[PDB]
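S.K.: Questions regarding the structure given below will be posed in turn.
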Amino acid sequence: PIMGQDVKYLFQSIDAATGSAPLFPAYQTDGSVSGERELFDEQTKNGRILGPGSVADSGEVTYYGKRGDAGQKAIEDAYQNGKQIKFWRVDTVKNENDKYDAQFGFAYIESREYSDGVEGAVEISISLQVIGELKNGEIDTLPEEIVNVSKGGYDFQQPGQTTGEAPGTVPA
Amino acid sequence: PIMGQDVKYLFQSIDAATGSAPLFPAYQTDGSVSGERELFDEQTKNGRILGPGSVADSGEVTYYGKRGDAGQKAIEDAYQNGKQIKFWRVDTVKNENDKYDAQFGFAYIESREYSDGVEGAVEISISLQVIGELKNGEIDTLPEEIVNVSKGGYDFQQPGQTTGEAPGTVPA
Amino acid sequence: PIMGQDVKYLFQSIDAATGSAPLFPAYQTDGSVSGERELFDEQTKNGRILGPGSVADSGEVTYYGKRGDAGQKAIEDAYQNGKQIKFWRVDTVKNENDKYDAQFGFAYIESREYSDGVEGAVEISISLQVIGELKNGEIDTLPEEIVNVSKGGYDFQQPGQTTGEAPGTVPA
Amino acid sequence: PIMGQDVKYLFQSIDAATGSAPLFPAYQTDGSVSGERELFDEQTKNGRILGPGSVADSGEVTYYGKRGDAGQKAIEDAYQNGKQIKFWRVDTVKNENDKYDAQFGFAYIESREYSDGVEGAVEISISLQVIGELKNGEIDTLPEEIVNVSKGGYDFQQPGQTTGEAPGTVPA
Amino acid sequence: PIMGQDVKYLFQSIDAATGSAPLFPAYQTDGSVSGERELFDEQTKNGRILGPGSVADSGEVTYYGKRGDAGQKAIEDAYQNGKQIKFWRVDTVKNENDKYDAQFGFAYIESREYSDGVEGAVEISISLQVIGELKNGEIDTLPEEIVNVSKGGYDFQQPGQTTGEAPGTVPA
Amino acid sequence: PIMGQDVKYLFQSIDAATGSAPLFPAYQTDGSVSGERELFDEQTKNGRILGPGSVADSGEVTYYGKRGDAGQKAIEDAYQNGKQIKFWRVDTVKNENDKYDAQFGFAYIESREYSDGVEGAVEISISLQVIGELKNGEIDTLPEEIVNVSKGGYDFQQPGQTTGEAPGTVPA
Amino acid sequence: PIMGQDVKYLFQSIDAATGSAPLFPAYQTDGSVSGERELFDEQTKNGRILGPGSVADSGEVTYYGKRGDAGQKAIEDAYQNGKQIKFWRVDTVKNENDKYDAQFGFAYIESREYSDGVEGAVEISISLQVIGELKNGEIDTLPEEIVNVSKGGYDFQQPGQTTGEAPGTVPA
Amino acid sequence: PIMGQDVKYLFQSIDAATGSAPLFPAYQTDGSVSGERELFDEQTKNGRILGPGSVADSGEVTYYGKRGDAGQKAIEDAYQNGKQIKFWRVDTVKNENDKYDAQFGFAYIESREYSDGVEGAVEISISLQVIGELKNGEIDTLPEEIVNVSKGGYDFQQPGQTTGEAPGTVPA
Amino acid sequence: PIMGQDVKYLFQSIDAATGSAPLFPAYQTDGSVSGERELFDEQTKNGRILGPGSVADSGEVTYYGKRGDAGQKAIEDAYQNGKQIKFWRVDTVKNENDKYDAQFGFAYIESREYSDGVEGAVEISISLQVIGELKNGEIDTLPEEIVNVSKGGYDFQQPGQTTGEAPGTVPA
Amino acid sequence: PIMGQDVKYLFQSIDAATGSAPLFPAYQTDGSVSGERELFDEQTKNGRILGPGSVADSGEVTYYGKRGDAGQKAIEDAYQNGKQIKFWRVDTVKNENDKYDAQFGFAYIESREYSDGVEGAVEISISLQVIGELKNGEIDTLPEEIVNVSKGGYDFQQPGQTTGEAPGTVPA
Amino acid sequence: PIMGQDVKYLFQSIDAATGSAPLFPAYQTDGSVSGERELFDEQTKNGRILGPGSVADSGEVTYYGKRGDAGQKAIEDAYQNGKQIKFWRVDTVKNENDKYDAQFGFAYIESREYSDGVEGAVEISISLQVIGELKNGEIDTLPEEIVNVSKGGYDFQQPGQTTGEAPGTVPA
């Protein structure tokens, strides 16, 4: 069906106007908790609980902060300076009508609470509020996170690897 | 007696008007919590706890989201667009007067909160409110979820399987 | 002393007027939580804590739902239709003045909350409110639940068992 | 020092007027939680927190219900009928001025909440309220619970034991 | 006394209604491990060991798989399709009140774990679960496994054996 | 000193009232594992090792099942039906104050787990649980297991032995 | 650095006027939770959260009650009768200006809640309120709890120890 | 990326005016929980949740107390006397524009709650409030906590170490 | 160096006040397993493993039960009745400062688990718990176990030995 | 097929950038344990085994430490200083498509645990972790370990060997 | 290469300031097990196994206790009194840059568990913890354990040896 790796959250800044959708890697658990309230009276009857309510949809997105890769710096530009976020919930599996699919929203951060442990690495917890989801199922997701994530390790170069962990470079 | 597999929740959309009852497969745990309040005074006596109250009956239905099989798209059509759900709580064991039996209701979703983990696959949690259950024990349940769930694995075809996991197809 | 099996709850419907006391089989844990409040002041003194209060006695009765045996349908006739319950808390050990003994009450259900799991079987939780217990220790409990619970297994019939789990029947 | 077995709770009914102090056998964990409030002020200063408050002292006494031995029936005479309790907190170690010592009070039950499990035996939880502790350290505790608890098992009588668990009887 | 050959496990299907009791030959070791739990308590006393427990009685039955002889096909019909087993622990020695004697049960399989080695022959391990054994000393055990197991081999047929290993047939 | 044959376990049923003490023939190894717990604490000190604990003394009693000799049927009456055991750990050597000496207890069985092998004979493992051992050094042990165990074999009766293995009977 | 043993709480009664500082031994975990509030506004700005607040400093002191050693009787004289406590938080490590050091205060007990378990020994929990800590780092701590805690065990006296656990006495 | 060791909190007093940034060693877990509220109405619409709110950013900084190293005494000068703190959140990894980078703030302590256990060492918990973070990424961090944390153990001096744990001194 | 015979465990009762140190004959393997805990920390550093822990020192003392020689009855007086033991770990070789040397303690028994085998003799396992070993090198060990153990056997007494196995007595 | 000598692990440092691939000689047992997790779920169905898992492949590489040959010094530079390893699993037999073949990775050491025995020589155990193996079948393996391993020893040099064990050098 | 005799563990006290390095003779097996933990993450990727962890390096040092030779008395001064150890892992083979080489540390003892057998001699097991090993290759190891260990035995002195086992002294 749909795995815990099959869904990722493409983020886009309000000020770039560049069609790339930088999602930030090293994810963790997530959440799109869609809380829709509802009217209730009794009418001296069994109840009138059928009535609708306003929908407030939150997001608990957790990840790990890498030392560069300024998409999270755009997240902190949205939070600490004060902006909003173009928010995309896209999938990894291939559809046959579109390429992928999504739940879309213009989101605003409640809180950016990150833990700095001792043995565990740091983890950024981020809350989200959005007005209402919008099912903008689209096609191009700029595939640097779907097929690009292949093995981690690359092939070799015996005289000239000149590399730490993140593999595959020319000598100097 | 009745096992944790012996009870499933047949759903039907308000707009289909089609007698098929699409329940959505790949379930998880459930809940039909029937909270009925009660008038309580003391009357300068031991109490008047005998008095009835209004019944508000909720449902915590959890499952896993499959990439197709649009019954859950009818769930999200009822939630996100805003509709109601024809709700059926049917059993799997065979009765001797009817075929199966049920607790019935016209239900309305509070919240659709799904978790996107990392190692575990995604899980959809859904809350339900219903006015009052109605014991419409009926017969036909369109048996694609009672006897049809048999083994998962199918027989073989050695020169011509041409199949991934979900078995049993012709070569093209 | 008194074991966790030594106490069972004989139930009786308000409309049967039948002297049998059908308790329901396949129990789980229970609880008779007797919450009595108290007149609590200070009176410019150490306190007037000695004063009594109203007694509200609840019960958390859990069991497993069996596919027949309509005593639980009498429970649901008391709950969902709206009635009351004749409630008996009897013991299994043999007294020397009476046969058994009891804590008695006319009870009313708050809530009927059952869980439908996946691997665990379904479990019915039921809350109870009663005005006040009454020590009607009586004799006859119709012993189909005291001595009749003996082994589960019966002897055999090799050419003629014709039986599934619950043993001991004639050939058709 | 003082063990968890070294402290037991001698109880006495208000209506017996008999000097025996029936404590109940087969106890469980306990608690004498002494909550004394205090005048909490500031007085445009660092605080006036030195001021005293009223003392409300509770007791969470748990035990297991034996099928006879009517001391617990005197507890239920204090609770279900409605009375008060003469409450003694005595020790097991031998003093050199007295025999034993105690914290004393006239107590009143909040609640009698007992759990009836399935495999675990039943356990009676009892709450207590007292005006104020009083250090009436006395001598005689009627030693059927200090030195009498020795082994449980007794010696034998091979042609004539005629006994179940609790040993040491004559043949009929 | 009683040897390791003196006890064999006669099996019977729930669906046959045939008085034959097919045990399956080529046995290996067995086990009827009767784990009855208990309430061990401390009670500010020496202890409250009196508490009985539920009896969970398992069976480690190992044997060798023969290419026919459909008793093990009835075992796999009870396991893989999902049924139960009429279980018999009978003895080989001759009693004087009955013919033989037994510990009886209605069993359900935990696991059917068989080892396919290389040079050792294949061996089937089967776990068993029963509510409670029942001392059903009976007489007829269809003696094809008490007296009929005599040598393995037979005497001779010098002109007209015409057989493989297991001797004693007419020529074609 | 004391050999592994010098200590045997005389048993007695709770219902017999017969001074015989049936121990069982063809014993195997034993065990009286006396686990007394303790309070070990630290107290911002070196330790609070002073605390005694409850003593739970188990027994691993193994033997071989003989086809009669109903002392093991008294064991299975204590276990499979549900009773207790009068338990005796007596010695074989002669004392000068008494005849023999013992550690005594009232025991309750955890488990009765016997192995049915193939070539080794069957062996019964029995777990035991007692409140506390009691040093009841007594005299009479009904000497059919101290001096009577001499050889097994006897001399002869050349015309009229007419016996199987266990020798020494009259002709028919 | 500072161990969990390196800090102990020297207590002194208000009525003794004796320079000995009886702390009570057999400690357990502790706590000096210093809750200082703060002026909390916004002032149509980012906030005025810089502003100070009143300090309320509590102490969760847990220990085990020894049968004598009346420093805890001075604690119960402060609580149950109603007094105050001179409170010292001193260290065990040696300083090079002073001997030891302290966080000091005049404290008042909220609550004295002790648990009487079954297998665990009793444990006294005590809450503390103090106006404000005062750093009266002093020298003499009457070293019977710093260097005197050495091993617990003492040397011997083979004809004349005459002692239980707490060692080292003359013969009577 | 960024490890749990890669971020440390450089502290500076308001009164020193010394460019050293004494952070206190022996850290534990941390936290910079940035709680920013938001304007919340509905306007007879889907909602006006887009509106910003005030940011209150807290810090849970835990560490272990060392017997000297008076930076924590400057923390206690800020708390117990009443001052403020210059607060730096710097990274350990090397940047290529600056040396390191930081999140800065002028902070004020809510509470200083430390635990004194028995087996575990003491642990200081400290809460922080700050108006707003300021991204003052600077260069020099006085590298006695970035490179100087190398091994702990030093080389040797066999005739003349004269040292306890923290190694490397001259003889006297 | 030091052989397995060179170290023996002299015991002394708490109630005897007799300078004899009864050790027991026919010892078996031993053990003084000194488990001292420690503080294990990481501290955003290489570690703060420095922390000492409490020392909990056990003893696995195994021997063979001789039918008399009541030192083991003093052990069973310490265990089964409930007392403590004066514990001695002395050596056999001669020193030049003292006669012998020792590691000393005051011990308390966890468990007394002895095996009653069949063909091996019985063996007693005893667990020990001590606060802290103390290096009490002393002189006199009452030499009936250092020099007296030479052969067991003696030379002869041809007319009048009149002895069983352990030789050397007068006629009658 | 493939023997236990036919596979060797070529190692390369991250800092060398020299095309030599130093494996370290005197191998012992190895291991590439490829642990790929999975999602096994139940779904009120037969199961949902479809879920892939992350793959964590470990290496148990054991060898013997030679006194020089600095490849193991590069291992200890990766472990004790802290680096990573370019990891190679190559084969010894000659292929016809390439020269040799391999499973490749970028590895990081868990532990370096070596045993220093007495009568056996020392042995180094090393654990390995890799993100993902990659099938990099390549050609050149610098043949000092494929064809060069011929005997260990050489033929002879009768006058002028002048060598220790490892033969074949010029005089001086 | 390197034999099990080629590596020995030179010890030095923290209080001596004597350049001698007393190792203790009669070694047995050893161990320096270097457990360095790591961050193990999945990150909706192939993994983030990259994270370094803290190194906890232990030592299992076993030897035989000689009756003098106070190096082990310095070990017991570190354990039983409470100190630390200067720890040396040096090699026996000769280098050409230095004489020998080492892995060095400052160690603290977990446990000192020694076995006192019967027919085998005693053996001491000692556990070690160190912050971090440091590669301190040095020259002088006080060669009384590298070259001086030659045979054990010496040549002769035929009239005037006058010695026990370890030979080579003057007459008297």
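Within each chain, counting starts at residue 1; across the structure tokens, chains are named A, B, ... in the order shown, with ligands numbered 1 upward in that order.
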For a quick test of understanding: name the residues of chain K lying within 8 Å of chain J when counting only C-alpha atoms, and present them as a count of residues only.
M.R.: 26
S.K.: According to DSSP computed on the backbone, where in region 12-172 of chain K is there alpha helix (DSSP H)? Give the residues as a list in words.
M.R.: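 So, restricting region 12-172 of chain K to alpha helix (DSSP H), we get residues 71, 72, 73, 74, 75 and 76 of chain K.
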S.K.: Keeping only N, CA and C atoms, write the selected residues to a file as a PDB file, in the first residue's frame.
M.R.:
ATOM      1  N   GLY K  71      51.584  -5.386  44.099  1.00  0.00           N
ATOM      2  CA  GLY K  71      50.858  -4.772  42.996  1.00  0.00           C
ATOM      3  C   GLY K  71      49.372  -5.074  43.033  1.00  0.00           C
ATOM      4  N   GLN K  72      49.014  -6.328  43.322  1.00  0.00           N
ATOM      5  CA  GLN K  72      47.606  -6.655  43.504  1.00  0.00           C
ATOM      6  C   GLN K  72      47.047  -6.048  44.782  1.00  0.00           C
ATOM      7  N   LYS K  73      47.899  -5.750  45.768  1.00  0.00           N
ATOM      8  CA  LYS K  73      47.441  -4.982  46.915  1.00  0.00           C
ATOM      9  C   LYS K  73      47.161  -3.539  46.536  1.00  0.00           C
ATOM     10  N   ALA K  74      47.859  -3.010  45.529  1.00  0.00           N
ATOM     11  CA  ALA K  74      47.512  -1.699  44.999  1.00  0.00           C
ATOM     12  C   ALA K  74      46.227  -1.752  44.191  1.00  0.00           C
ATOM     13  N   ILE K  75      45.968  -2.883  43.526  1.00  0.00           N
ATOM     14  CA  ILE K  75      44.689  -3.072  42.845  1.00  0.00           C
ATOM     15  C   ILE K  75      43.549  -3.094  43.854  1.00  0.00           C
ATOM     16  N   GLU K  76      43.742  -3.798  44.967  1.00  0.00           N
ATOM     17  CA  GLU K  76      42.727  -3.833  46.010  1.00  0.00           C
ATOM     18  C   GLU K  76      42.654  -2.521  46.777  1.00  0.00           C
TER      19      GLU K  76
END
S.K.: Can you tell me which residues surround residue 169 (chain I) at a distance of at most 12 Å, considering only C-alpha atoms, apart from same-chain residues fewer than 3 positions away, and format the answer as JSON, numbers by chain?
M.R.: {"I": [154, 155, 156, 157, 158, 159, 160, 161, 162, 163, 164, 165, 166, 172]}
S.K.: Can those selected residues be exported to a file as a CSV table (one decimal), in the first residue's frame so that it contains C-alpha atoms?
M.R.:
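And here is the file that came out, selection.csv:
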chain,number,residue,atom,x,y,z
I,154,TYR,CA,46.0,-43.5,60.2
I,155,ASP,CA,48.6,-46.3,60.6
I,156,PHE,CA,47.0,-49.4,62.2
I,157,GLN,CA,45.8,-51.0,65.4
I,158,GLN,CA,45.8,-54.7,64.5
I,159,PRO,CA,44.1,-56.4,67.5
I,160,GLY,CA,42.0,-53.5,68.7
I,161,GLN,CA,41.1,-50.9,66.0
I,162,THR,CA,37.4,-51.9,66.2
I,163,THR,CA,36.5,-48.9,64.0
I,164,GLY,CA,34.5,-48.2,60.9
I,165,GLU,CA,36.0,-46.2,58.1
I,166,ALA,CA,37.3,-43.1,59.9
I,172,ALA,CA,35.0,-50.3,72.5
S.K.: Take CA of residue 85 (chain G) and CA of residue 95 (chain D) and report the distance between them in Å, one decimal.
M.R.: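 Between these atoms lies a distance of 27.3 Å.
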S.K.: Could you find all residues in chain J that DSSP calls strand (DSSP E or B) from the backbone, and write them as a VMD selection string?
M.R.: chain J and resid 7 to 8 11 to 13 27 32 to 39 51 to 63 85 to 91 102 to 115 123 to 130 134
S.K.: Could you list, as a VMD selection string, every residue within 7 Å of residue 87 (chain E), counting only C-alpha atoms and ignoring same-chain residues fewer than 5 positions away?
M.R.: chain E and resid 10 to 12 104 to 107
S.K.: Do a neighbour search on residue 6 (chain H) at 7 Å with only C-alpha atoms, toss out local chain neighbours closer than 6 positions, and write the hits as number ranges by chain.
M.R.: H: 91-93
S.K.: Using CA of residue 96 (chain C) and CA of residue 168 (chain D) as the two end points, give the distance in Å to one decimal.
M.R.: 21.5 Å
